[PDB]
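Participant: I am attaching a structure below and will ask some questions about it afterwards.
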Amino acid sequence: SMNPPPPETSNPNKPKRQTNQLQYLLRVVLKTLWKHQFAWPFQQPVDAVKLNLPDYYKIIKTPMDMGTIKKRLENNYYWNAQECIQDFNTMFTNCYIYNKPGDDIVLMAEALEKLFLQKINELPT
Ligand SMILES: Cc1cc(NNc2ccc(C(=O)Nc3ccccc3N)cc2)c(N)cc1O
Numbered sequence: 029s030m031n032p033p034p035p036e037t038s039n040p041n042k043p044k045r046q047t048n049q050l051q052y053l054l055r056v057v058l059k060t061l062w063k064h065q066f067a068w069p070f071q072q073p074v075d076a077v078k079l080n081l082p083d084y085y086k087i088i089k090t091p092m093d094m095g096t097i098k099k100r101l102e103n104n105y106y107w108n109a110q111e112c113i114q115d116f117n118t119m120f121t122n123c124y125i126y127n128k129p130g131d132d133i134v135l136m137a138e139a140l141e142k143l144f145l146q147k148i149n150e151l152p153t
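The numbering used here numbers the first residue of the sequence shown as 29 and each following residue consecutively.
Structure below.
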């Protein structure tokens, strides 16, 4: 189809390891963004067929979304917090580079990113 397989969310051979930063990323950062009124366009992978988004996957090489991030955190997929932070950054970058400035989707992304950056500024050491 026009859509790729969704990003992997589990690593069956990675040992389980918790960090307080990963706990914060799930229980504070992801939870806060997930419950925000503007979360809905970002809660699942972009479906370029259903959304009629021409060339989305020609332009966006590394799709990412908060449903994938949520599952990765729940499944202890990330070895470290910085991998998770990178996924959030990629999600926002994809939106800003594909869509036109001032499209509603971009303004929603910016509100979520502002909240994200606020919480990251309090990331535990
Ligand atoms: C990251 C990113 C996302 C998107 N849109 N994502 C969407 C758009 C719409 C919906 C929706 O459910 N609408 C909806 C709202 C109310 C009643 C029923 C329905 N169906 C879900 C996701 C675009 N375009 C560009 C983009 O870069």
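Each residue gets a CB set at the ideal place from its N, CA and C atoms; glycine is no exception.
Taking 7 Å as the cut-off, decide whether the C-beta atoms of residue 120 and residue 137 are in contact.
Facilitator: Yes, the Cβ-Cβ distance between residue 120 and residue 137 is below 7 Å.
Participant: Throw me the rounded Cβ distance for the residue 92 and residue 115 pair, which I believe falls under 8 Å.
Facilitator: 5 Å between Cβ atoms; contact.
Participant: Please determine whether the Cβ atom of residue 126 lies at a distance below 6 Å from any heavy atom of ligand 3.
Facilitator: As presented, the structure is devoid of ligand 3, carrying ligand 1 as its sole ligands.
Participant: When we look at the beta-carbon of residue 94 and count the other beta-carbons within 10 Å, is it buried (16 or more) or exposed?
Facilitator: So residue 94 counts as buried.
Participant: Tell me which same chain residues have a C-beta within less than 6 Å of the C-beta of residue 109, skipping the five on either side of it?
Facilitator: The residues are 49, 50 and 53.
Participant: Which residues in the same chain as residue 67 place their Cβ atom closer than 8 Å to its Cβ, once the five residues preceding and following it in sequence are excluded?
Facilitator: Around residue 67: 61, 94 and 140.
Participant: For a quick check, are the C-beta atoms of residue 34 and residue 73 less than 7 Å apart?
Facilitator: For residue 34 and residue 73, yes; Cβs fall inside 7 Å.
Participant: Taking the alpha-carbon positions, what's the residue 80 to residue 88 distance?
Facilitator: Between residue 80 and residue 88, the C-alpha separation is close to 15 Å.
Participant: Return the first residue and the last residue of the alpha helix (DSSP H) that residue 120 is part of.
Facilitator: Start and end: 109-126.
Participant: What distance in whole Å lies between the Cβ atoms of residue 37 and residue 104, which are believed to be in contact at a cut-off of 8 Å?
Facilitator: The Cβ separation is near 11 Å, so there is no contact.
Participant: Sorry if obvious, but does the Cβ on residue 123 come closer than 6 Å to a heavy atom of ligand 1?
Facilitator: Residue 123 Cβ: within cutoff of ligand 1.
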